[PDB]
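Asks: Data: target_12.txt, compact mmCIF, N, CA and C atoms.
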```
# COMPACT_ATOMS: atom_id res chain seq x y z
N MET H 1 5.33 15.37 -1.81
CA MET H 1 4.54 14.13 -1.86
C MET H 1 5.49 12.98 -2.15
N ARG H 2 5.37 11.88 -1.39
CA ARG H 2 6.21 10.67 -1.59
C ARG H 2 5.45 9.44 -1.09
N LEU H 3 5.45 8.40 -1.91
CA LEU H 3 4.83 7.14 -1.55
C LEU H 3 5.90 6.08 -1.34
N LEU H 4 5.55 5.10 -0.51
CA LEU H 4 6.31 3.86 -0.33
C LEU H 4 5.50 2.72 -0.93
N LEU H 5 6.14 1.96 -1.84
CA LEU H 5 5.55 0.74 -2.41
C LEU H 5 6.32 -0.45 -1.87
N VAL H 6 5.60 -1.36 -1.20
CA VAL H 6 6.17 -2.60 -0.66
C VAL H 6 5.59 -3.78 -1.49
N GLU H 7 6.43 -4.31 -2.38
CA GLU H 7 5.98 -5.27 -3.38
C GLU H 7 7.16 -6.16 -3.72
N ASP H 8 7.00 -7.46 -3.51
CA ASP H 8 8.05 -8.45 -3.77
C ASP H 8 8.14 -8.89 -5.22
N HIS H 9 7.03 -8.87 -5.95
CA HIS H 9 7.01 -9.40 -7.32
C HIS H 9 7.47 -8.32 -8.26
N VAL H 10 8.68 -8.47 -8.80
CA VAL H 10 9.31 -7.41 -9.57
C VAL H 10 8.49 -6.96 -10.76
N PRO H 11 7.91 -7.86 -11.59
CA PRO H 11 7.12 -7.38 -12.72
C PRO H 11 5.95 -6.49 -12.27
N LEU H 12 5.31 -6.86 -11.16
CA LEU H 12 4.20 -6.06 -10.64
C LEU H 12 4.72 -4.75 -10.08
N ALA H 13 5.82 -4.78 -9.34
CA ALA H 13 6.43 -3.56 -8.85
C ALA H 13 6.75 -2.61 -9.99
N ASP H 14 7.35 -3.11 -11.07
CA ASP H 14 7.74 -2.28 -12.20
C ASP H 14 6.49 -1.61 -12.79
N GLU H 15 5.40 -2.35 -12.94
CA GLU H 15 4.15 -1.84 -13.49
C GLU H 15 3.58 -0.76 -12.56
N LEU H 16 3.55 -1.06 -11.27
CA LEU H 16 3.03 -0.12 -10.28
C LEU H 16 3.85 1.18 -10.27
N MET H 17 5.17 1.06 -10.34
CA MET H 17 6.02 2.24 -10.38
C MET H 17 5.69 3.08 -11.60
N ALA H 18 5.53 2.45 -12.75
CA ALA H 18 5.21 3.18 -13.97
C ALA H 18 3.85 3.89 -13.86
N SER H 19 2.86 3.19 -13.33
CA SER H 19 1.53 3.71 -13.16
C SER H 19 1.54 4.90 -12.18
N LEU H 20 2.23 4.75 -11.06
CA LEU H 20 2.28 5.78 -10.05
C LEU H 20 3.02 7.02 -10.57
N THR H 21 4.08 6.81 -11.33
CA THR H 21 4.76 7.86 -12.02
C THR H 21 3.79 8.61 -12.96
N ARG H 22 2.98 7.90 -13.74
CA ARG H 22 2.00 8.51 -14.67
C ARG H 22 0.96 9.32 -13.89
N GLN H 23 0.69 8.96 -12.64
CA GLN H 23 -0.23 9.66 -11.76
C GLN H 23 0.43 10.86 -11.07
N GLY H 24 1.74 11.04 -11.27
CA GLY H 24 2.44 12.18 -10.74
C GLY H 24 3.19 11.99 -9.44
N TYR H 25 3.31 10.76 -8.96
CA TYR H 25 3.90 10.48 -7.64
C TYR H 25 5.36 10.04 -7.74
N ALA H 26 6.14 10.52 -6.79
CA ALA H 26 7.48 10.04 -6.48
C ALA H 26 7.29 8.87 -5.54
N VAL H 27 7.98 7.75 -5.82
CA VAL H 27 7.78 6.52 -5.06
C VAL H 27 9.11 5.86 -4.76
N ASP H 28 9.26 5.41 -3.50
CA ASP H 28 10.35 4.52 -3.12
C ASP H 28 9.78 3.09 -3.10
N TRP H 29 10.54 2.14 -3.65
CA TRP H 29 10.13 0.75 -3.73
C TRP H 29 11.03 -0.10 -2.85
N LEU H 30 10.39 -0.94 -2.04
CA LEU H 30 11.06 -2.00 -1.28
C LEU H 30 10.40 -3.33 -1.57
N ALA H 31 11.24 -4.36 -1.75
CA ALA H 31 10.76 -5.71 -2.06
C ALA H 31 10.68 -6.62 -0.86
N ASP H 32 11.37 -6.26 0.21
CA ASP H 32 11.50 -7.08 1.40
C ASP H 32 10.75 -6.52 2.58
N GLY H 33 9.90 -7.34 3.19
CA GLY H 33 9.13 -6.95 4.35
C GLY H 33 9.91 -6.48 5.55
N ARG H 34 11.11 -7.03 5.79
CA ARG H 34 11.97 -6.63 6.94
C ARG H 34 12.41 -5.18 6.71
N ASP H 35 12.86 -4.88 5.50
CA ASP H 35 13.27 -3.53 5.18
C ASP H 35 12.08 -2.59 5.30
N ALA H 36 10.94 -3.02 4.78
CA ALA H 36 9.75 -2.19 4.77
C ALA H 36 9.24 -1.87 6.16
N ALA H 37 9.29 -2.83 7.06
CA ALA H 37 8.81 -2.60 8.38
C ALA H 37 9.58 -1.45 9.04
N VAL H 38 10.89 -1.42 8.87
CA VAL H 38 11.72 -0.36 9.42
C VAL H 38 11.51 0.96 8.69
N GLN H 39 11.63 0.94 7.37
CA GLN H 39 11.61 2.16 6.59
C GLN H 39 10.25 2.84 6.66
N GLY H 40 9.17 2.05 6.68
CA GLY H 40 7.84 2.59 6.75
C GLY H 40 7.59 3.36 8.02
N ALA H 41 8.26 2.96 9.10
CA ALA H 41 8.11 3.62 10.38
C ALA H 41 9.07 4.79 10.55
N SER H 42 10.19 4.80 9.81
CA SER H 42 11.25 5.76 10.06
C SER H 42 11.33 6.93 9.09
N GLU H 43 10.89 6.74 7.85
CA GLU H 43 11.03 7.72 6.77
C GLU H 43 9.67 8.34 6.49
N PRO H 44 9.62 9.64 6.14
CA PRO H 44 8.35 10.31 5.94
C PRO H 44 7.79 9.86 4.59
N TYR H 45 6.60 9.30 4.63
CA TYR H 45 5.78 9.03 3.45
C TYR H 45 4.39 9.63 3.67
N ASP H 46 3.77 10.05 2.58
CA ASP H 46 2.39 10.46 2.59
C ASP H 46 1.41 9.30 2.56
N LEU H 47 1.87 8.17 2.01
CA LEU H 47 1.04 6.97 1.84
C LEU H 47 1.97 5.80 1.59
N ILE H 48 1.57 4.64 2.14
CA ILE H 48 2.26 3.38 1.94
C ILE H 48 1.30 2.43 1.25
N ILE H 49 1.81 1.78 0.20
CA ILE H 49 1.10 0.72 -0.50
C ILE H 49 1.80 -0.58 -0.12
N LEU H 50 1.06 -1.44 0.59
CA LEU H 50 1.60 -2.68 1.17
C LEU H 50 0.89 -3.91 0.58
N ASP H 51 1.63 -4.72 -0.20
CA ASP H 51 1.04 -5.96 -0.72
C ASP H 51 1.04 -7.01 0.42
N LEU H 52 -0.14 -7.55 0.72
CA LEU H 52 -0.25 -8.61 1.73
C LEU H 52 0.36 -9.94 1.29
N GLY H 53 0.79 -10.03 0.04
CA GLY H 53 1.35 -11.26 -0.45
C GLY H 53 2.84 -11.41 -0.21
N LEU H 54 3.45 -10.52 0.59
CA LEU H 54 4.88 -10.54 0.85
C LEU H 54 5.27 -11.85 1.51
N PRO H 55 6.35 -12.50 1.02
CA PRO H 55 6.93 -13.63 1.74
C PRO H 55 7.54 -13.18 3.08
N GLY H 56 7.70 -14.14 3.99
CA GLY H 56 8.28 -13.90 5.28
C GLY H 56 7.23 -13.45 6.29
N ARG H 57 7.56 -12.42 7.07
CA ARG H 57 6.64 -11.92 8.11
C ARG H 57 5.34 -11.42 7.47
N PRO H 58 4.16 -11.87 7.93
CA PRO H 58 2.91 -11.47 7.29
C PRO H 58 2.78 -9.94 7.23
N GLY H 59 2.33 -9.45 6.07
CA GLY H 59 2.10 -8.03 5.89
C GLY H 59 1.17 -7.46 6.94
N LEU H 60 0.12 -8.18 7.34
CA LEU H 60 -0.79 -7.66 8.33
C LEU H 60 -0.11 -7.48 9.69
N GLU H 61 0.90 -8.31 10.01
CA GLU H 61 1.64 -8.11 11.25
C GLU H 61 2.51 -6.86 11.19
N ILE H 62 3.07 -6.58 10.01
CA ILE H 62 3.83 -5.38 9.80
C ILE H 62 2.95 -4.16 10.03
N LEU H 63 1.76 -4.18 9.44
CA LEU H 63 0.79 -3.09 9.55
C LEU H 63 0.38 -2.91 11.01
N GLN H 64 0.10 -4.00 11.72
CA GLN H 64 -0.26 -3.92 13.13
C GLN H 64 0.87 -3.30 13.94
N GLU H 65 2.12 -3.67 13.62
CA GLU H 65 3.25 -3.10 14.32
C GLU H 65 3.28 -1.56 14.11
N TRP H 66 3.17 -1.14 12.86
CA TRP H 66 3.13 0.29 12.56
C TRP H 66 2.09 0.99 13.38
N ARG H 67 0.85 0.50 13.39
CA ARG H 67 -0.23 1.17 14.16
C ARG H 67 0.12 1.19 15.65
N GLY H 68 0.72 0.13 16.16
CA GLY H 68 1.11 0.11 17.56
C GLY H 68 2.20 1.10 17.92
N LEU H 69 3.01 1.49 16.92
CA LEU H 69 3.99 2.56 17.06
C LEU H 69 3.42 3.96 16.89
N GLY H 70 2.11 4.06 16.66
CA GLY H 70 1.47 5.35 16.50
C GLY H 70 1.57 5.91 15.10
N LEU H 71 1.95 5.10 14.10
CA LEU H 71 2.09 5.58 12.74
C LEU H 71 0.70 5.86 12.21
N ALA H 72 0.50 7.10 11.76
CA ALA H 72 -0.81 7.54 11.28
C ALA H 72 -0.88 7.63 9.75
N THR H 73 0.22 7.28 9.09
CA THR H 73 0.34 7.34 7.64
C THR H 73 -0.79 6.52 7.04
N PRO H 74 -1.46 7.02 6.00
CA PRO H 74 -2.40 6.22 5.22
C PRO H 74 -1.72 4.97 4.64
N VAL H 75 -2.41 3.84 4.74
CA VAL H 75 -1.92 2.58 4.21
C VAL H 75 -3.00 1.99 3.31
N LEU H 76 -2.61 1.73 2.06
CA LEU H 76 -3.42 1.01 1.11
C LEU H 76 -2.81 -0.41 0.97
N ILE H 77 -3.60 -1.43 1.29
CA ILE H 77 -3.16 -2.81 1.17
C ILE H 77 -3.65 -3.42 -0.14
N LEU H 78 -2.78 -4.22 -0.75
CA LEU H 78 -3.11 -5.04 -1.91
C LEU H 78 -3.43 -6.45 -1.43
N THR H 79 -4.66 -6.88 -1.69
CA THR H 79 -5.19 -8.10 -1.18
C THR H 79 -5.40 -9.13 -2.28
N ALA H 80 -5.61 -10.36 -1.85
CA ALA H 80 -5.62 -11.49 -2.76
C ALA H 80 -6.93 -11.66 -3.49
N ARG H 81 -6.85 -12.16 -4.74
CA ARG H 81 -8.03 -12.46 -5.58
C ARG H 81 -8.98 -13.33 -4.74
N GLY H 82 -10.26 -12.96 -4.70
CA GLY H 82 -11.27 -13.73 -4.06
C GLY H 82 -11.28 -13.74 -2.54
N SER H 83 -10.40 -12.97 -1.89
CA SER H 83 -10.29 -13.02 -0.45
C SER H 83 -11.02 -11.89 0.21
N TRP H 84 -12.29 -12.12 0.51
CA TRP H 84 -13.06 -11.17 1.30
C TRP H 84 -12.44 -11.04 2.67
N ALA H 85 -11.99 -12.15 3.24
CA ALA H 85 -11.41 -12.16 4.58
C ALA H 85 -10.23 -11.22 4.68
N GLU H 86 -9.35 -11.20 3.68
CA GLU H 86 -8.19 -10.30 3.77
C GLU H 86 -8.54 -8.82 3.83
N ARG H 87 -9.59 -8.47 3.11
CA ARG H 87 -10.07 -7.06 3.11
C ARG H 87 -10.60 -6.72 4.50
N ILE H 88 -11.45 -7.57 5.07
CA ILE H 88 -11.98 -7.33 6.40
C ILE H 88 -10.86 -7.32 7.46
N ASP H 89 -10.02 -8.35 7.43
CA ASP H 89 -8.95 -8.47 8.38
C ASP H 89 -7.95 -7.32 8.24
N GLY H 90 -7.72 -6.87 7.01
CA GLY H 90 -6.79 -5.76 6.75
C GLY H 90 -7.30 -4.46 7.31
N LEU H 91 -8.60 -4.18 7.13
CA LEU H 91 -9.19 -2.98 7.77
C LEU H 91 -9.07 -3.07 9.29
N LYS H 92 -9.36 -4.25 9.86
CA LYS H 92 -9.28 -4.45 11.29
C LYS H 92 -7.86 -4.23 11.83
N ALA H 93 -6.85 -4.60 11.03
CA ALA H 93 -5.46 -4.45 11.37
C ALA H 93 -4.98 -3.00 11.24
N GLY H 94 -5.79 -2.14 10.60
CA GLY H 94 -5.50 -0.72 10.54
C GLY H 94 -5.26 -0.14 9.17
N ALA H 95 -5.57 -0.89 8.11
CA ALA H 95 -5.47 -0.36 6.77
C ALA H 95 -6.54 0.69 6.55
N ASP H 96 -6.20 1.70 5.76
CA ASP H 96 -7.20 2.74 5.41
C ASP H 96 -8.09 2.39 4.23
N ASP H 97 -7.51 1.64 3.29
CA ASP H 97 -8.26 1.09 2.18
C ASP H 97 -7.47 -0.10 1.65
N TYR H 98 -8.07 -0.76 0.68
CA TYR H 98 -7.50 -1.97 0.07
C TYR H 98 -7.80 -1.92 -1.42
N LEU H 99 -7.13 -2.79 -2.15
CA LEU H 99 -7.40 -3.01 -3.55
C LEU H 99 -7.11 -4.49 -3.81
N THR H 100 -8.09 -5.18 -4.38
CA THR H 100 -8.01 -6.62 -4.60
C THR H 100 -7.32 -6.90 -5.93
N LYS H 101 -6.31 -7.77 -5.88
CA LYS H 101 -5.62 -8.21 -7.06
C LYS H 101 -6.42 -9.29 -7.78
N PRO H 102 -6.37 -9.35 -9.12
CA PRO H 102 -5.74 -8.34 -9.97
C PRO H 102 -6.67 -7.13 -10.11
N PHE H 103 -6.09 -5.95 -10.03
CA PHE H 103 -6.86 -4.72 -9.99
C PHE H 103 -6.60 -3.94 -11.25
N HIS H 104 -7.46 -2.93 -11.43
CA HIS H 104 -7.36 -2.07 -12.56
C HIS H 104 -6.67 -0.78 -12.15
N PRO H 105 -5.80 -0.19 -13.00
CA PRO H 105 -5.07 1.02 -12.60
C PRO H 105 -5.97 2.22 -12.29
N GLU H 106 -7.14 2.31 -12.92
CA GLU H 106 -8.05 3.41 -12.61
C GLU H 106 -8.49 3.34 -11.15
N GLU H 107 -8.75 2.13 -10.67
CA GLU H 107 -9.18 1.95 -9.30
C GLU H 107 -8.03 2.22 -8.31
N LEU H 108 -6.82 1.81 -8.67
CA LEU H 108 -5.63 2.19 -7.92
C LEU H 108 -5.55 3.72 -7.75
N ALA H 109 -5.66 4.42 -8.88
CA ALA H 109 -5.57 5.87 -8.88
C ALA H 109 -6.64 6.49 -8.01
N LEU H 110 -7.89 6.05 -8.16
CA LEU H 110 -8.99 6.64 -7.41
C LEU H 110 -8.83 6.43 -5.91
N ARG H 111 -8.44 5.22 -5.50
CA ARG H 111 -8.35 4.91 -4.06
C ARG H 111 -7.16 5.66 -3.44
N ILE H 112 -6.05 5.80 -4.17
CA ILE H 112 -4.92 6.57 -3.67
C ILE H 112 -5.31 8.06 -3.55
N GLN H 113 -5.94 8.58 -4.59
CA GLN H 113 -6.37 9.98 -4.59
C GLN H 113 -7.20 10.30 -3.37
N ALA H 114 -8.17 9.44 -3.08
CA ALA H 114 -9.06 9.68 -1.98
C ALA H 114 -8.37 9.65 -0.64
N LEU H 115 -7.41 8.73 -0.46
CA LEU H 115 -6.66 8.67 0.78
C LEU H 115 -5.84 9.94 0.98
N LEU H 116 -5.15 10.38 -0.07
CA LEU H 116 -4.34 11.58 0.01
C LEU H 116 -5.19 12.82 0.24
N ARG H 117 -6.35 12.87 -0.40
CA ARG H 117 -7.31 13.98 -0.23
C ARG H 117 -7.73 14.03 1.24
N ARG H 118 -8.23 12.94 1.79
CA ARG H 118 -8.71 12.96 3.19
C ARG H 118 -7.55 13.27 4.14
N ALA H 119 -6.35 12.76 3.87
CA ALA H 119 -5.23 12.93 4.76
C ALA H 119 -4.93 14.41 5.02
N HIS H 120 -5.19 15.27 4.02
CA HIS H 120 -4.95 16.70 4.10
C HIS H 120 -6.21 17.52 4.21
N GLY H 121 -7.37 16.88 4.27
CA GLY H 121 -8.66 17.55 4.29
C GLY H 121 -8.92 18.40 3.08
N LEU H 122 -8.40 17.97 1.92
CA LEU H 122 -8.57 18.70 0.67
C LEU H 122 -9.96 18.52 0.12
N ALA H 123 -10.42 19.47 -0.70
CA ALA H 123 -11.77 19.36 -1.24
C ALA H 123 -11.94 18.15 -2.14
```
Would you mind writing the structure in this file as structure tokens?

Replies:
Amino acid sequence: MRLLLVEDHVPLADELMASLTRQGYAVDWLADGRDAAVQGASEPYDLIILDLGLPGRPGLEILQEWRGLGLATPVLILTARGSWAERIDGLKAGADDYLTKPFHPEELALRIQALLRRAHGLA
């Protein structure tokens, strides 16, 4: 099991890494969308966590590129406070689920669990 976390804000990345570690996951962290676009398509991950708040190339364009390459990896997007549009647009772009910032770690855990469960058809 291995996750990719794409998160530019270091304090948030550090918190997410700690939380994901407490949940039992090995995680690779990338802060830059250019790096993430390549690595997400090239390296085996069970799940990618993609913050839509990345500077530079929009996260949703990165996600669309991945889907156009046939990437079937589960993607959980982190969306903006109060943005219903980002959740809808993110699903349309090919996200499997989302979590609205600021979020609670229990909800992070539950949504990741469910994606990983369905990905393997686990009970």

Asks: Compile the contact shell of stretch 31-36 of chain H as an NGL selection string: residues with an atom at most 9 Å away, counting only C-alpha atoms, same-chain residues fewer than 5 positions apart removed.

Replies: :H and (4-10 or 13 or 41 or 50 or 54-59 or 62)

Asks: Could you tell me which of H:69, H:3, H:14, H:64 comes closest to residue H:115 if we count only C-alpha atoms?

Replies: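 Among the listed residues, the smallest separation from residue H:115 belongs to H:3.
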
Asks: I'd like the contact shell of residue H:44 - 7 Å cut-off, all atoms listed in the file, skipping same-chain residues fewer than 4 positions apart - returned as a VMD selection string.

Replies: chain H and resid 2 39 to 40

Asks: Could you check which of H:89, H:97, H:49, H:66 is closest to residue H:118, using only C-alpha atoms?

Replies: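 For residue H:118, the nearest of the candidates is H:97.
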
Asks: Listed atoms of stretch 27-36 of chain H, axis-aligned box, 4 Å per side: centre and edge lengths to one decimal in Å, as AutoDock Vina command-line options?

Replies:
```
--center_x 10.5 --center_y 0.2 --center_z 0.6 --size_x 13.5 --size_y 23.1 --size_z 20.8
```

Asks: So which one's closest to residue H:105, H:30, H:12, H:48, H:19? Using only C-alpha atoms, please.

Replies: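 Among the listed residues, the smallest separation from residue H:105 belongs to H:19.
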
Asks: From the DSSP assignment of the backbone, select every residue of stretch 12-103 of chain H that is alpha helix (DSSP H), and format the answer as JSON, numbers by chain.

Replies: {"H": [12, 13, 14, 15, 16, 17, 18, 19, 20, 21, 22, 33, 34, 35, 36, 37, 38, 39, 40, 41, 42, 59, 60, 61, 62, 63, 64, 65, 66, 67, 68, 84, 85, 86, 87, 88, 89, 90, 91, 92, 93]}

Asks: Got a sec: who's within 6.5 Å of residue H:1, counting only N, CA and C atoms, leaving out chain neighbours fewer than 4 positions off, as a PyMOL selection string?

Replies: chain H and resi 25-26+46

Asks: Please provide as a list in words all residues within 6 Å of stretch 98-102 of chain H, with the sequence filter that same-chain residues fewer than 3 positions apart are discarded (counting only N, CA and C atoms).

Replies: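 That gives residues 76, 77, 78, 79, 80 and 81 of chain H.
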
Asks: Counting only C-alpha atoms, figure out which residue out of H:11, H:74, H:52, H:22 gets nearest to residue H:109.

Replies: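 Checking each candidate against residue H:109, we get H:22 as the closest.
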
Asks: Between H:75, H:88, H:93, H:108, single out the one closest to residue H:61, counting all atoms listed in the file.

Replies: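 Using all atoms listed in the file, the shortest distance to residue H:61 belongs to H:93.
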
Asks: Please measure the separation of atom C of residue H:45 and atom N of residue H:67, giving the value in Å to one decimal.

Replies: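 Separation of atom C of residue H:45 and atom N of residue H:67: 13.8 Å.
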
Asks: Quick one: distance from atom C of residue H:96 to atom C of residue H:111 in Å, one decimal?

Replies: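 Here the two named atoms are 8.4 Å from each other.
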
Asks: Find the distance between atom CA of residue H:91 and atom CA of residue H:42 and write it in Å to one decimal.

Replies: 22.3 Å

Asks: Please identify the strand (DSSP E or B) residues within stretch 18-66 of chain H (assignment by DSSP from backbone atoms) and present them as a list in words.

Replies: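 Filtering stretch 18-66 of chain H to strand (DSSP E or B) leaves residues 27, 28, 29, 30, 47, 48, 49, 50 and 51 of chain H.
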